[PDB]
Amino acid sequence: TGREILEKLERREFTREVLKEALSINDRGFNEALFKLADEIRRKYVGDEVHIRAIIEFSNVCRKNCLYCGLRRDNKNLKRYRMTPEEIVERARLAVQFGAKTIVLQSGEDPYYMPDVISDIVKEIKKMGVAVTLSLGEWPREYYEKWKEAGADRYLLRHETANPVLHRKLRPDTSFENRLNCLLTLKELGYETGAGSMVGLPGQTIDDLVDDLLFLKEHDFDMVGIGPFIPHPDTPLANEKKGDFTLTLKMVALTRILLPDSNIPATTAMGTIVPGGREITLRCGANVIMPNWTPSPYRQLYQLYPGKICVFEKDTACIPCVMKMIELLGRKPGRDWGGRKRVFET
């Protein structure tokens, strides 16, 4: 029964069978109950604060060739850009001036900055009294060590898919084993460590999604970023189907149920495939929002997938936009850095 699966989730009997059935049931009443459960767990464990992470996508140069990603190296159609270190620091300062308590630096895997330019930038942003999150992809342990020494607080490295065969096919420069070793290294170095997957990748099954949930639970990640796969026309996956919003939303809800004290963003991809998708996701277990703080003329060139929200908006629009969002949702903006606040339990 849908009823029995909810009871088992409520009782924290997180068996593969329970998770598979939750993901497989396509009953509206069940889905709405699951979303309510996640929303309640979110409210109880992490409260009504929605944490704002200002993201600066500072370079779209990439050395890797992931089949799903518009920044893949084989995409010749794309104008490549790099913000200067001074531009990045001053852009971060403007976000802090707008009230951002976390700055997220994200890029393609761009060799130019690695590792010392990143270290310099992180040190300057840390002087501003905010959290710094890096999302720069896979690099040697030494680089991650230098960045932690420089003051970085968190690292987002989505695991993408926990199916090693699918992972290797979609990410031909690397492997799930590498990705996992990176994530374990980040944990060992003391970063708040973020993982998470895409939903609806070509060839990905419900069993794969269950494996993603069990992977996340196993490693007790501090942040989990989940979103639908969105096909990009200048990639080998151009003609594949987009991920299903409702299924992806169920993954978010189950992640909250499994990791009740984690930080879980309402990802931009959720807002891209369905108008108002981020707001929905914030009401089904998410507690974090990541407004775009990349300046023009670069914002429109960071084309991981098409249709990406925020691209046509003014340079400073997105922090005010999410503050309005937070208020109309009956929520509150985060007061502190929004680090993970563990609730130890049984």
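A residue's number is simply how far along the shown sequence it sits, counting from 1. Note that the rigid core is defined as the largest set of C-alphas that superpose within 1.5 Å between two forms.
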| note | Core-superposed comparison in 5 other deposited structures of this protein: bigger Cα RMS shift among 22 to 30 and 311 to 319 is in 311 to 319
| Is the mean CA B factor in the deposited entry higher across 234 to 242 or across 98 to 106? | 234 to 242
| Comparing 261 to 269 with 212 to 220, the one whose average Cα B-factor in the PDB entry is higher | 212 to 220
| field | Maximum C-alpha temperature factor, selected from 291, 297, 277, 47 | value | 297
| Options 310, 67, 62, 34 - largest CA temperature factor per the record | 310
| said: Splitting the chain's C-alpha B-factors into thirds, which one does residue 304 fall into? | reply: highest
| remark: Entry-reported C-alpha B-factor of residue 111 relative to its chain, by third, is middle
| field | Lowest, middle or highest third - CA B-factor, residue 197 | value | middle
| request: For residue 135, return the chain-relative third of its C-alpha B-factor as stated in the PDB record: lowest, middle or highest. | output: lowest
| Assigned third (lowest, middle, highest) for the C-alpha B factor of residue 162 | middle
